[PDB]
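Taking it in order: structure first as structure tokens, then the write-up.
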């Protein structure tokens, strides 16, 4: 086909955010709930939440750059 | 030129003006009637806004109330009989001399023109009031302030811009979907079938009307923060 | 149209049926607010 | 052929929202639970709640914009 | 292919609902549980529950509008 | 093709039922759990339960409407 | 495509309605505040 | 594609049985947990459980009737 | 194609087992948790579990019926 | 279409297990948690756990047998 | 469609394995939490834990063997 | 030790030497007129006689003091007895001979399947493929045969049905038919699931053994050295777990049928 | 229609990896939560944690090797 | 098909990362919840969180390198 | 799926079960019960 | 097949060595503990008999 690369770009973009979005949501929810349970652990909880979010963010960028390669 | 939805929008505005005139014609303590209901609605809205942010609860309160009243009027007009059945002509009643039988009453929210004005007004109010008491800090990205914090700020900036457009698109989709669901239920059966959906339509419209004002107040508070 | 007329009749009947029940509690709430005004 | 772009736009828009939506839902649920646990931490938890919401919405908007590029 | 726009818009509108619906349900359940734990905090709970609901439903709105653009 | 409209309608209906069903299930589960925790605010919490259910059912209605448009 | 003239007319009508509502409710708001 | 109608009819039921299936399960689990936590509110919460079950079953019936129309 | 009926039946059964299976799992888990919390309510809670499991299994029954009709 | 029955059988087996597996996991995890919470009540709750397990396994074997029918 | 058998045997193993993995994870989490709460009942409940785990892996094997049969007729 | 991880022996004839797949679902050894005995059946024979010799040696001069083979066999039997009593304590002795022999035979069949040469020994190109006759592999695991796994499953089903008839009477109204209530709808699903159970068990064991055999063979094909050791261990664990759970599920189903 | 082996391998890898990731995530989450609840009992918990991790990664490796079959 | 390679690369990147998009999030959420419930066990639980992260990123990198093979 | 092979496998399994009951299960339980009987 | 028997046997020997170096000790310890408990019980029974 001729527009199949466009479908590939869509699949890379669409499937590259399903996992990371849910992971970020779960991480933020757990961090906020823990902070509400104990405020004093705020600094370390925020740091670990940032690390976890950064992992999934890089995982989404993995698909984003592949889509850009096809897009460019 | 004008479209069908413009007439319904003008009718909603005229009805709002008439209701306000009726309420304000006899203004007195211990109201009982239409004035009492209007005062109760206004007081509940003011309480909800003060729950969000009392500092700016009365800042754009008239604009928010006008938007909410217009949305409620448009939602009520959508489920009313005569909308979508009377055709102006530019088997159907207008089968002879076919001109698509343009509906006389088109919901103001069921169009991308009337809905877009609310988004622009909300975005302008948020940017103005947000930057009124923040200057560069309202849209400050915090460039490498907290270990490349600019990435978080840039992403959040697009969300704030898309929020008013998202709200307008949500209102337009809700209105159009309500009208289309009514039409589909009418096509399915001639009577008594659309009861589960027609009743839910009014509740959905009221919920959306309240939610638009609540979201505007919350966005203003977030902008003020 | 006959279908349009029937749909309008059904919609009006449903609206009235919902409105009576809603207004009953709404009338009670309005009366309570008027009483609590003073 | 001759419509593959439409399918690509559809797939991008769809799969680009099923993850972020659940992430936002979980974020809000956890934030509200923490709020119910203690009210005083609201200002400290609304911020990170909005950070997670911004990340998820950024992923979703990336999907939407990529679809719009294909649509254009 | 012929009629591919139809399946495209159907896929878009369908996939725009599975994610946001679950997120909205989770939001509502969490808000209800928190209100049950603390009655008097409903004023600050609801004002964030609706904004989270709006954020989540924005994705479904994006799905619907893209479906309309493909459908029309 | 000859039946691509049919598969489009079927996919739209099914996907529009997948999400809102789970959302409604979660909403009702949380509401009933809170009611069991505190029956005294039964009306107060059912007030929000119904309004959440309305928004959740909205997506299913959207999908059904699009499917009817394609079906008809 | 959207009719810019129709959108401008709708915005003007909405602004006029908002101004009229504010003018009408300024007195009702004052009365409600004085009562409470 | 001659059995395209067949695959559409099957797909409609298959995907429409997913969401309601999970929703009914979640509703029943929540109602059961509340009952175990509070048998005294039995009828009141059973009514809401039946309300949610009825909504999910209505969505499933919509899927089934769409499939029946397609097959017929 | 040719064997579209076969893939139709396959999709019907698979997607009719996807949802109701999870629903049964959630129902039984909630029933077990309630029993662990309160064995005394067993006589009624198991009845509610059964009236829920039947409704959840109904959709799988519909899927099997459609599959057999196609196979016929 | 040059071996469509193979894809049919694969989809029947593949889609017939992802749902039931989660149901089995949820059932047995809830059973384990309840047993740990209440060591005393074990004799009869395991009965409900196993009837749910059998129902879920029958649901999966429905798709397995349907696929095996096409295999022959 | 000469390689349709390849996609078939890929789907038969890919699909039908997602559910077993989540089931195994849920079983492990529940059993571990329960034994952390109830240490002395671990020697009794690990059996049911493995029962559920092996059920999920049985479903995964049902997918695997069908995939293998598809890959070789 | 240190950091001596080099994997130099691993990079030895990655896929050139060992044959690509060379697997089969069922094969027949025959050798006699009439009944076509298979290599899987042959292994079932050698496992059976090995089990008999092991039991005789354990019982060879049974002493009150346990030691060695007697001690470990006693430990295994008593652990199984306690495990089965933990579910039901009224019918342990009745079903014990069947359950114990099922577990013991399945465990040894699975473990023997992982012995070297089960794919290499038979009556890329190896030995027989050089000649004009196909190389049918010998020493096939009994659980890799459906005719064995289905036989075990049907035996267990007959046993459970006979004992569920012998106890609780022949009523079965919970699964046969109910007059009113949703119990009528419940009973048919119960009957369907009960019919499924033997097929489910047989397919479970057969697949979970045969797929393991296929995986070990194919991982011998690619990077044959030093990589499939953890997978051999995992397959040992899988065989043990399957052998245990078959008996556990059998007893649990029997007890639930009693209830 | 050449190159279908590529997409076959990709689908095999994706659908055999999406499950195990969630499985190991849940395993580690439950293990760490129980360990934090009482660090006194660790080895008799980390043992089962690694058991589940090994089983789930083994299923992932099943998917990986069956994919490499088409790859090689 | 002159383009199946790009679609295969997109599937290998996107799919196979959803599971390693949610498992990481669940791991981090459990870790931070344990950290809030027990701060003095920080190093011990952080090590196990990193163990789970490495296990999940193993599958993630497997999918990525498989995509690179398809891409190359 | 050979019915003769399945019958042969069932016969072998039944013979193994009988042999184990008559040689292994009976003595092991007798020895095991003796310890409790001694206790 | 003098190409996979060597690989399997080489792997088999390594697996046996690993099992003997990782699992033989705990199994031997458990068997010895059971034997010691049984022997103590038997000695107590004999002494009570005598």
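As written, the chains take the letters A, B, C, D, E, F, G, H, I, J, K, L, M, N, O and P, and residue 1 is the first residue of each chain.
Simple rule for what comes next: contacts are C-beta pairs under 8 Å (C-beta built on N, C-alpha and C of every residue); 3 or more make two chains touch, one makes a residue touch a chain.
A quick map from chain label to UniProt name: A, D, E, F, H, I, J, K, M, N = ATP synthase subunit c; B, L = ATP synthase subunit a.
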For chain C and chain L (ATP synthase subunit a), chains touching each: none
Pair sharing more residue contacts (C-beta pairs) when B-E is set against J-L: B-E
Centroid spacing, where centroids are CA-atom means, of chain A (ATP synthase subunit c) and chain C in whole angstrom: 48
Distance from the mean Cα position of chain J (ATP synthase subunit c) to that of chain E (ATP synthase subunit c), given in whole angstrom: 30
Multi-chain contact residues (two or more partners), chain M (ATP synthase subunit c): 1-2, 4, 7, 9, 11, 13-16, 18-27, 29-31, 33, 35, 37, 49, 60, 62, 67, 69
Junction residues of chain C, two or more chains touched: 37
Per-residue overlap in chain B (ATP synthase subunit a), given as positions that touch at least 2 other chains: 29, 162, 173, 177, 187
Residues of chain P defined as touching chain L (ATP synthase subunit a) within the complex: 1-5, 7-12, 14-15, 18-19, 30-31, 34-35, 38-39, 42
Interface residues, chain F (ATP synthase subunit c) side, partner chain E (ATP synthase subunit c) - complex: 1, 4-5, 7-9, 11-16, 18-27, 29-31, 33-35, 37-38, 41, 44-45, 48-49, 52, 55-56, 58-60, 62-63, 66-67, 69-70
Chain L (ATP synthase subunit a) contact footprint on chain J (ATP synthase subunit c) (complex, rising order): 44, 46-47, 50-51, 54-55, 57-58, 61, 64-65
Interfacial residue positions of chain L (ATP synthase subunit a) with respect to chain P in the complex: 17-19, 64-67, 71-72, 75, 115-117, 119-122, 124, 126-127, 135, 217, 220-221, 224-226, 228-229, 232-233
Touching residues on chain L (ATP synthase subunit a), where the partner in the complex is chain I (ATP synthase subunit c): 182-183, 185-186, 189
